[PDB]
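# the sequence isn't on hand, but the structure is:
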């Protein structure tokens, strides 16, 4: 939920984005991935690069979490017709254009 | 900073609260502490209880981080004249009233 106390509004989930006057609730990893892509508008990001930035340069995770979470992120954006902004550059990686 | 892409607005720092049309930038731990207190409006929270909720039930941290971060939180609220909402109940703990 959302809390309003001393004139301060704070959400239990910090990892929200606003769109069309509505709210998308994300996880930390989804939020950081969206930011990373958006921060790099029009520049394609190689999967390993996304891994370094979102999961850590020394992460033991399998590189395909990026794929898994790109799908998670798209699914969160589908209800608001924003999913097609995350584009697969097949063979190299992902871009927000 | 803040980013606006496909009609979506996302901040690099998720741990923001709004007040008087302005923005307070917090850390994760400060944000969770503010939420915990605000979620428990008018109920005093014992230090150990805050420790369990914000730092974990099995945390090895010294119990006085709560004090340290209450001060951090107050200092973040002082510029907007909201610091006095976090009250010391001396000897037991903290409350938002």
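Perfect, I can see it now. Numbering: from 1, shown residues only, chains lettered A, B, ... in the order given.

# how near is the residue nearest to residue A:52 when sequence neighbours are not counted to residue A:66?
The shortest distance from residue A:52 to any non-neighbouring residue, by Cβ to Cβ, 6 or more residues apart in numbering or on different chains, is to residue A:59 (7.9 Å). For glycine as for every other residue, the C-beta is placed from the backbone atoms N, C-alpha and C. According to Cβ to Cβ, to the nearest Å, residue A:59 stands 11 Å off from residue A:66.

# the two: which is more packed in?
Under the neighbour definition other Cβ atoms under 10 Å in any protein chain shown, residue A:59 and residue A:66 were set side by side, and residue A:66 has more, 22 against 12.

# just to revisit the earlier point, what sits in contact with each of residue A:59 and residue A:66?
Common neighbours of residue A:59 and residue A:66 (criterion: Cβ atoms under 8 Å, 6 or more residues apart in numbering or on different chains): residue A:51.

# up against chain B, what does chain A have?
A:3, A:5-10, A:12, A:14-20, A:24, A:28, A:31, A:34-35, A:38-39, A:41, A:82, A:85, A:96 (Cβ under 8 Å from any Cβ of the partner chain).

# now residue A:65: closest residue in space that isn't a chain neighbour?
That would be residue A:55: by Cβ to Cβ, 6+ apart, it lies 6.6 Å from residue A:65.

# from what I can see the one you found touches residue A:61, true?
Yes: with contact defined as Cβ atoms under 8 Å, residue A:55 reaches residue A:61; the gap is 5.3 Å.

# have a look at those two and say which one is more surrounded.
The neighbour count for residue A:55 versus residue A:61, taken as other Cβ under 10 Å, is higher for residue A:55 (18 against 12).

# ok and the residue in chain A nearest chain B?
Residue nearest to chain B within chain A (Cβ to the nearest Cβ): residue A:14, separated by 3.8 Å.
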